[PDB]
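This text opens with one protein chain seen in two forms, each one given by itself as structure tokens under the names structure 1 and structure 2.
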Structure 1
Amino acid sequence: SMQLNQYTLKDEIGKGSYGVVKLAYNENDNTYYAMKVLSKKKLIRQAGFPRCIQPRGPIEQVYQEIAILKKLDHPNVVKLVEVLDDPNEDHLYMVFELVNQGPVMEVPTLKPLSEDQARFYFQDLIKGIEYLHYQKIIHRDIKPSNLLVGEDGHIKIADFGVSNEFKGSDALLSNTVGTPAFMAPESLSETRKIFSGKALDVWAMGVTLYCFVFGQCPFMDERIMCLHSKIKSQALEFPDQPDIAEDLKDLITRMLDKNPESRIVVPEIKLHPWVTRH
């Protein structure tokens, strides 16, 4: 182990978009936490060398993550509890409440969830996302591997590393970031038309739900250009087995509407018959 202030840093427990996450024991309160450990220089470099324009100050993104996290207080969202950041040190450390069981699934898996368990987790996901959205945050990387399961069997949305805060009613984007199998079709073409950020989160929720019950994404190809083409052009299909409920198929179909103008919205998802039954 190593010591960092009141923390003893131990095994690696996670690795997200940036940095790495270590288990951290707090000797002041006898409690374990999750500590994300980052290099400011490395983050700068990750955005690429100075010369779709690269914005000018890339270290801004981690401080924006921090500012986002400090605004969020919800049972289905991870909780930032401390930031350690010496201006004369290259490292920056973000301390979170620990969510004991870790990610709910790493796609792909041969071991999908049952429909009922998928519903339970999905209900948590809806609570967390509507709260984010209300707080004018889009997550931009919703996927089962960013969903941590607590000892209480509830999910917390994690990894705000590419999240964005918007003003007014929605984020308006020309391009976006995301895990490619989770990105919505409107974000994958070069078009003159911007797109809305909240609907990207819904598409990703849809792909997540599909993954919850089938263990793999609905559109998949190892050739990136073919993956993008399928996202844009391939009709959604469900495998023959496992044989899910028709109302779940309906919900997924609506979340995976390729047209963001008609795609289901969160307040509607909450009231969908699949969500409200048990």
Structure 2
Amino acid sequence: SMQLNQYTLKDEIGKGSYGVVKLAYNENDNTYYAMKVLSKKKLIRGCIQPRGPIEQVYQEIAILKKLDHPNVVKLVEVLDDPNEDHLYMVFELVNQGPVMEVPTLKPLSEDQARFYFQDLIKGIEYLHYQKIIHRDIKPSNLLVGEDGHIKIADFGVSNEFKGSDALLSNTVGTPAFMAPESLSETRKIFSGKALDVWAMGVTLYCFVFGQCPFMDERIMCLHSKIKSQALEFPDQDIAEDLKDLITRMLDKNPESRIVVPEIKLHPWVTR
């Protein structure tokens, strides 16, 4: 292990382009946390020129500091010495980790999917209320806590807006979960809340089938399938109310796509 202020850093629980995540034991309160460790030098290294990479991280932090909800992760501390390369983001630990990796041969049951989907609705409703568009909803960003409920993580590409919805032009997120309106070659403008609904719909399909509705290892071909291919369900066999709900979330037109208030009232959700 190693010591970092009051924390004892232990097993590595994650890694990515961002850096790494360590299990961190706080010696003052005898509690485990998740510590994301980022290198400023490594971060330095709809196609708008975004703000710089360290600056994106501070935007993520600013968003996380506004959020306090049982189905959203909780940032507790940021350590950022101006004379050090590393930035540390300390979160409350979410015991059981990501709900699933996709693809998997082990999909969730319909009832287990409903349970988590209800948590996902509650978290997204809260985020939208707080004027945050998440932009990277997918199963691996939904963490299962000790109480068995999911929490929405990874606000790395999330947007904060003022007014009734965001007006977005940047094509960010995970390709398999991006909505068709975000994928035009033509520079255009799209609303944010519907992006999250689309991603929820892909997520729900993944929950019950273990594989995404649009799949291709070639990202260019994946984008084409999302824009042009009709949604199809395998033969293996889900309830018709579930197919209806997924179908409505995966409406390619964001003007007619189901909205969160309606999702809350859908038969599959309320049973």
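Residue numbering: sequential along structure 1, first residue numbered 1. So that the term is clear: the rigid core is the largest set of C-alpha atoms that superpose within 1.5 Å between two forms.
Annotation for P260: C-alpha shift under 2 angstroms between structures 1 and 2, rigid core superposed. With the core held fixed between structures 1 and 2, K193 has its Cα displaced by at least 2 Å. Core superposition gives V207 a CA displacement of 0.2 Å between structures 1 and 2. Relative to the superposed core, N164 moves its CA by 1.0 Å between structures 1 and 2.
After superposition on the rigid core, the Cα atom of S17 is displaced by 5.9 Å between structures 1 and 2.
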